[PDB]
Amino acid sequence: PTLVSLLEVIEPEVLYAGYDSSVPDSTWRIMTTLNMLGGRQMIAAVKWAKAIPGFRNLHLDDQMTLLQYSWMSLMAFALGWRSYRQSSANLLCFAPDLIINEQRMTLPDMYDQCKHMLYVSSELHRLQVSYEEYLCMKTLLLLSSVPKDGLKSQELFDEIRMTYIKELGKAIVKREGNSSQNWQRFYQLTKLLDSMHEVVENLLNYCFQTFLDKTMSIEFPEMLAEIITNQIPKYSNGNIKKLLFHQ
C-alpha cells in the first residue's frame, strides 16, 4: 500500500450539524451550532491522527501537543477542501445541513469570520489542488507547529515530517509537468501551507475572544474548551514554533 492511500482510507466521515433550517437564522445560533459541530470534528481528528503512519510512534505528549497546536489548521483546511469540492460558488460547507450561503453571509459578523476560510477554499480552487496533494498537505498541517524547545521525539518527528514532504512531492509529480513546473507547484502548495498559520491566527482571535467573554453566552463543547484552555497560555508565553517552508 502507498503512503498516500493509507492517508486516503482514514479520511473522516462527513458529520451533520443537526441544524433545523425551518427555525430562522442568527449569527449566535450559527456560531453555537458550529462550536458543537467543531468538538465532534476534533474527537474524529484524534481518531484520524492515531491512524496516520508514524504518528503513534511519537511520545504521547507530542501527540497531544501537535493536535492542540494544529486543531484549527486541520479544520479550516478540511473545510476549505470540502468547500472547493461542493462549490462552484464558493460557499462554506461546514455540514450538508449547514452551508454558509449568500444570505447567511449578510448576517452580522458572519463575513469577517468566514473570509479567511473562503481564502483557503479559493486558493485550493485557483491552484487546482488534487485529492492526493490535499491529503499530504493536511497531514503536513498536523506537523506545522512544535513547542519553542521542540518535541520529546523531535528526531523521529523531523523524519516523519520529511517523509510527508516527500509524499507531497510524489503527488505533485503525478501530474507532470515538467520539471521546473514541479518546482513551481511545490513552491505554490508549500506557500499555501505557510499561509495557513496566518489564516489560523485570524481564526483564533475570534475563537479566543468568544471563549473568554462569558457575557456573549457562546458555548464551546468540552473537547474545544480543553484545547482553547491549553492553547491560550502557550500563545501568551511564546511557546510556539510555526514551521515554515519559505522565509
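Numbers follow the displayed sequence, beginning with 1.
Using only C-alpha atoms and the B-factors in the entry, which stretch averages higher, 137-145 or 153-161?
Taking the mean B-factor of the alpha carbons in each, 153-161 is higher.
Mean Cα B factor from the PDB record: higher for 167-175, or higher for 71-79?
The recorded data point to 167-175.
Comparing recorded Cα B-factors across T32, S26, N182, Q41, which one is largest?
Most elevated C-alpha B-factor of the set, per the entry: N182.
So where's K214 on the chain's Cα temperature factor ranking, which third?
Within its chain, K214 is a middle-third residue by C-alpha B-factor, going by the deposited values.
Considering only modelled residues of the same chain, in which third does the CA B-factor of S22 rank: lowest, middle or highest?
Highest third - that is where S22 ends up once the chain's C-alpha B-factors are sorted.
Could you tell me which third, lowest, middle or highest, the C-alpha B-factor of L58 occupies within its chain?
For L58, the deposited C-alpha B-factor lands in the highest third.
What third of the chain does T65 rank in for C-alpha temperature factor, lowest, middle or highest?
Its C-alpha B-factor, which the entry lists for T65, ranks in the lowest third among residues of this chain.
Compare the C-alpha B factor of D97 with those of the other modelled residues in its chain, then answer lowest, middle or highest third.
Middle third by C-alpha B-factor.
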